[PDB]
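Here's the structure we're looking at; comments come further down.
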Amino acid sequence: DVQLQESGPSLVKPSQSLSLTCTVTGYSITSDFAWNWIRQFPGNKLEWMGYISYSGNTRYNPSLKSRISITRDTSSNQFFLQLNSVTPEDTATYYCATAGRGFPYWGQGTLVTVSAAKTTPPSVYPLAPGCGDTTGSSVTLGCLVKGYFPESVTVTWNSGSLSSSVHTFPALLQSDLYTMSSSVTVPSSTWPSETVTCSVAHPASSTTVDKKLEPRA
Amino acid sequence: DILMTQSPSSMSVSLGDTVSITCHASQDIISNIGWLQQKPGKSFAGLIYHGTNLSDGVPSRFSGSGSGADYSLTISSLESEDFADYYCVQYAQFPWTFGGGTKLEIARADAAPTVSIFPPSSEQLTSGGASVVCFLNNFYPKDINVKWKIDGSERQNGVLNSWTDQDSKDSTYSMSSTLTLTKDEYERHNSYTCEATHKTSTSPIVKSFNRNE
């Protein structure tokens, strides 16, 4: 029962080099298997990139050949992706996985963005219901996330609790910045009763801000 | 590099149904093939390997078969969780290459959306900007058309639409239509109207407010 824990910074400037780390636990990378790097482009295309076997033996996808470099560390039990001369076109979600017997274990993925655009922290805004229109049975609340980069936020309501009846719309890019919002649907004996907050994390600036949905004035 | 011809590119079966997805190798990979599932925004979990073998923890609703250049995946008694993406992968000849994927969708009946409009928060305003937001939830089919107005005059500038993929919980979609203005221009207008037109309804759903309020 292996675990893939892929670390590495998610924002790389063009021409520079992208270098990631998978961290294997509950299995020895020298023992067995082939340990790989797979990228998935937006639009869900999958490219196999390469690997290093249990015996330190590498194989790459030749469409990378020149710039790809996959190595490992026995002691710590980790392998490393290095990819030089990145372009915008190398912006994908990076997965490490194990090979042989198929692809049993996978990492959780890591989004990598190749851009000269600056990291902006996101401004969160509560979107309480319209003015006078008191509700009845149903009530719909929202949260809007503006002016952030790069791709990677996580809007949670309270903290998972409001799990059900939640829609978080995928982000849309305008001028190097993402705006995204999320709606939560509730009964009423729930709100304004229960402290319903919007919990957004944006890792690239460590900005786990919460905002509390209050009625307007 | 061997081309993994995956078919069909998408579907829409009902619950408890059964799907067969057939992946076609450009050559003859001797059963070196894997069947992956990607649940929405998550990672992958291998389903079949070496062509016909179930991976551990994998339900007996799943099962694959194939020989030579031609392999397939069937899922019996389909369930909500099963309505995700699927990809075949070949690991016989280098470089290993993946299929183009297969999206899977639950055929639902039509739904009229549940529309809510949201004035700008008095936190965005004090900040300079002002977005008038609009959610259209729980409807089918995906095709929707939302339109904005400002004191009657329709407005195409400053809008930004976002659809979610299908919710497996209820086989519906949702979309958020965002209008973004400058706090000054917002303050120079009274009415804000959001119009959803769906194949469901003959006349559009109108939610609007008065900034005056």
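Labeling convention for the structure tokens: chains A, B, ... as they appear, residues from 1 per chain, ligands from 1 in order of appearance.
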
For range 113-115 of chain B, list every protein, DNA or RNA residue within 9 Å, evaluated using only C-alpha atoms, and leave out those in the same chain fewer than 6 positions away; present the list as JSON, numbers by chain.
-> {"B": [134, 135, 136, 137, 138, 139, 140, 173, 174, 194, 195, 196, 198, 200, 205, 206, 207]}

Give me, as a ChimeraX atom specification, the contact residues of chain A against chain B at a cut-off of 7 Å, counting only C-alpha atoms.
-> /A:45-48,61,101-106,108-109,125-131,169-170,172

Now that the selection is made, can you save its residues with C-alpha atoms as a compact mmCIF listing (two decimals), in the first residue's frame?
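Listing of result-v4.txt after writing:
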# COMPACT_ATOMS: atom_id res chain seq x y z
CA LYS A 45 -5.10 15.18 -22.39
CA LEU A 46 -2.59 12.78 -20.80
CA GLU A 47 1.08 12.70 -21.65
CA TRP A 48 3.40 10.04 -20.25
CA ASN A 61 8.98 10.10 -23.77
CA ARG A 101 0.75 -4.45 -13.02
CA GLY A 102 -0.86 -1.40 -14.59
CA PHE A 103 -0.97 1.87 -12.67
CA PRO A 104 -2.19 0.88 -9.21
CA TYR A 105 -1.10 3.84 -7.07
CA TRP A 106 -1.26 7.47 -8.05
CA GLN A 108 -3.01 13.36 -5.78
CA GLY A 109 -1.60 15.47 -8.59
CA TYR A 125 -16.57 38.53 -1.18
CA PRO A 126 -19.74 37.24 0.45
CA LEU A 127 -22.80 37.22 -1.75
CA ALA A 128 -25.88 37.23 0.49
CA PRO A 129 -29.39 37.03 -1.09
CA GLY A 130 -31.04 40.01 -2.85
CA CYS A 131 -32.41 43.03 -0.95
CA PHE A 169 -18.10 26.87 -10.55
CA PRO A 170 -14.81 26.31 -12.31
CA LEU A 172 -12.49 31.71 -15.62

Distance CA of residue 37 in chain A-CA of residue 120 in chain A, one decimal place?
->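 About the pair CA of residue 37 in chain A and CA of residue 120 in chain A: they are 28.7 Å apart.
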
Would you return as a ChimeraX atom specification the members of chain B that DSSP assigns to strand (DSSP E) on this structure's backbone?
-> /B:4-7,19-25,33-38,44-49,53-54,62-67,70-75,85-90,97-98,114-118,129-139,145-150,153-155,159-163,173-182,191-197,205-210

Find the residues near residue 58 in chain A: any atom within 10 Å, counting only C-alpha atoms, skip ones fewer than 2 places away on the same chain, and give them as a PyMOL selection string.
-> chain A and resi 34-36+50-56+60+69-71

Between CA of residue 8 in chain B and CA of residue 76 in chain B, what is the spacing in Å?
->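 If I compute the distance from CA of residue 76 in chain B to CA of residue 8 in chain B, I get 17.0 Å.
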
Which residue out of B:52, B:197, B:63, B:180 has the minimum interatomic distance to residue 144 in chain B when only C-alpha atoms are used?
->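 Selected residue with least distance to residue 144 in chain B: B:197.
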
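Separating CA of residue 178 in chain A from CA of residue 151 in chain B is a distance of 28.4 Å.
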
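The shortest atom-to-atom distance to residue 33 in chain A, with only C-alpha atoms taken into account, belongs to A:2 out of A:201, A:84, A:136, A:2.
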
A:142, A:215, A:160, A:150: which is nearest residue 175 in chain A, counting only C-alpha atoms?
-> A:150

Find the residues around residue 7 in chain A up to 9 Å (only C-alpha atoms counted), leave out those fewer than 3 positions away in its own chain, and share them as a list in words.
->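 What passes the distance filter is residues 10, 20, 21, 22, 23 and 110 of chain A.
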